[PDB]
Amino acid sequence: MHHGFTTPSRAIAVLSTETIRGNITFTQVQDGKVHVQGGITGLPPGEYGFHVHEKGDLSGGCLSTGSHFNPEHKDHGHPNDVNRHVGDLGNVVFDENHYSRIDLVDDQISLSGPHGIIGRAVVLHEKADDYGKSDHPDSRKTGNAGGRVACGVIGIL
């Protein structure tokens, strides 16, 4: 027996480095929204750039996930900007205890269609996203979030 297409209603990405452990779950909710929730330990307190990159390709570590998932051909942006990339989910915040609570809802990423992020990569950044609001010349493209301290492919949960 052969079926039509089912859109997954939940996905997850797993970050594990020597220092870093995190699960980030992405759950399809009402009104074309996705509910992104997880928690990650292992960075000092502060803000770090958190994005979906285009490729679920780890053959070159985080470098192979390429650039920010951008099907709408827009500029780098704040998640609340109209001019953002689909993958531009802003900054995560590590507390004094070295633990990030992730808990947000984004109306641009999806679990299917042209904004589908299944098979794409979550990338955690070593410093903070600037929202394309600086005059570093990367700022309009990548924010300016430094290296890529961790990444994992978005899988079906």
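Numbering starts at 1 and runs along the sequence shown.
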Original post:
On average, are the C-alpha B-factors higher in 63-71 or in 127-135?
Top reply: 127-135
Original post:
Which has the higher mean CA temperature factor in the PDB entry, 8-16 or 142-150?
Top reply: 142-150
Subject >> Selection by C-alpha B-factor (highest) of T41, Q108, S112, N91 >> reply: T41
Original post:
How does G32 rank on Cα B-factor within its chain, lowest, middle or highest third?
Top reply: middle
Subject >> Chain-wide C-alpha B factor ranking for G116, given as lowest, middle or highest third >> reply: lowest
**OP:** Relative to the other modelled residues of the same chain, rank the CA B-factor of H98 and answer lowest, middle or highest third.
**Re:** highest
Original post:
Where does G49 sit by CA temperature factor within its chain: lowest, middle or highest third?
Top reply: middle
